[PDB]
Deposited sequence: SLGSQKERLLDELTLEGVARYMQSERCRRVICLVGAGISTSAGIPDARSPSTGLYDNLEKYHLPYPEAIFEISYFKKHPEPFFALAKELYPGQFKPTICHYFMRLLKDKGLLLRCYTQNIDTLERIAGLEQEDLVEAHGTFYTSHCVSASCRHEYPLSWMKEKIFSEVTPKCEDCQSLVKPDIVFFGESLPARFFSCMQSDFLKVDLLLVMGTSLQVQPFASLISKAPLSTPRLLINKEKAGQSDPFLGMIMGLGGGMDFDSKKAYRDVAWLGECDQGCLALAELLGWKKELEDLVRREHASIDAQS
């Protein structure tokens, strides 16, 4: 619980040296909707482009409602119709997804905790072992009837959403809901069991494309030991303690006089990942994987 400083410099270059030191064996990524905007899935809270800014159409009390469970229970048709608007024709993971692939392939990834539901991390080749889908996934779907709970795969869910048929179980004619965690719902047990263990021995926390304002996911940054360096790759800074909430009974500290282990690289996640890869000597490796994988997906 001492706040010793393990980076030689609070910069990307500092992080890159640390990552190739003996001190850096186990990396945890925490990622959010920002890593998937370049794959054509909009984030929620961006101005102009974010989802909440584009839900005039659905007769909603606050645009937040479309992802709230109590609303979904009353009227599920809006969520399905939105799911139709957003569902990509092609699922192509981004440079940043592939960056995490490289982490896994080099034995550095202890886990990716993701707020995304879009399966892109699996398509880039992170297995269920490497991955904690904290808000669940579109990957599978289940009948909501406690006595049934039949599982359906995405091709079935997709056909129902592109059909504009409100998806209904073939065994019982109950609603079939994608295995995502709505607002108001409990996170999956795997989330809690993983965090109780992995933050005991993490050496680096890589935070990409998240506002860190959805809880309990956001609390993950405080779970790390106090000397674990934390790098944020994001369009804007996030996770710093609010001045007022703060005053009542640790957040990211990039800039105060007290700063010792948090680094903010601000821009496109795709660029930050490329920048970090270049420093690590991985740039060719990342360019080739991304191109090979996109070509592969493009010829399906």
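Take the full deposited sequence, match it to the modelled residues, and report the stretches without C-alphas.
Gaps in the modelled chain, taken against the deposited sequence, lie at 1-3, 253-255, 307.
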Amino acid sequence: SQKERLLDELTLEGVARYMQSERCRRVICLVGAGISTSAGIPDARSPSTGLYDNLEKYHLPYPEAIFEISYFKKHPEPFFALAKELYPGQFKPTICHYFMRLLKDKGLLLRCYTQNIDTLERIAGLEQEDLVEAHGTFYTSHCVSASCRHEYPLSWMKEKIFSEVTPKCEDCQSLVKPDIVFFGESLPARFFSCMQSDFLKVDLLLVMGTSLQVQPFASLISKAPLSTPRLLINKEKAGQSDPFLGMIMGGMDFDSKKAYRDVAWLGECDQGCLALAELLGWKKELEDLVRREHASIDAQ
From here on, numbers count along this sequence of modelled residues.
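So 219-227 or 67-75, which one's hotter by mean CA B-factor in the entry?
Comparing averages over the C-alpha atoms only gives 67-75.
152-160 or 108-116, whichever carries the higher mean Cα B-factor:
Higher mean C-alpha B-factor: 152-160.
Please work out which residue in 206, 126, 96, 86 has the highest C-alpha B-factor recorded for this crystal structure.
Answer for 206, 126, 96, 86: 86, with the highest C-alpha B-factor.
Highest Cα B-factor in the deposition, which of 53, 270, 43, 262?
If I rank 53, 270, 43, 262 by C-alpha B-factor, first place goes to 53.
Going by what the PDB entry lists, where does residue 170 fall on CA B-factor within its chain: lowest, middle or highest third?
Tercile = middle for this residue's CA B-factor.
Which third of the chain does residue 197 land in by C-alpha B-factor: lowest, middle or highest?
Middle third by C-alpha B-factor.
Taking the values exactly as deposited, rank residue 184 by C-alpha B-factor within its chain and report the matching third: lowest, middle or highest.
For residue 184, whose C-alpha B-factor we compare with every modelled residue in the chain, the answer is the highest third.
What third of its chain, lowest, middle or highest, does the C-alpha temperature factor of residue 142 fall into?
For residue 142, the deposited C-alpha B-factor lands in the middle third.
Rank-wise, by C-alpha B-factor, drop residue 134 into the lowest, middle or highest third of its chain.
It falls in the bottom third of the chain.
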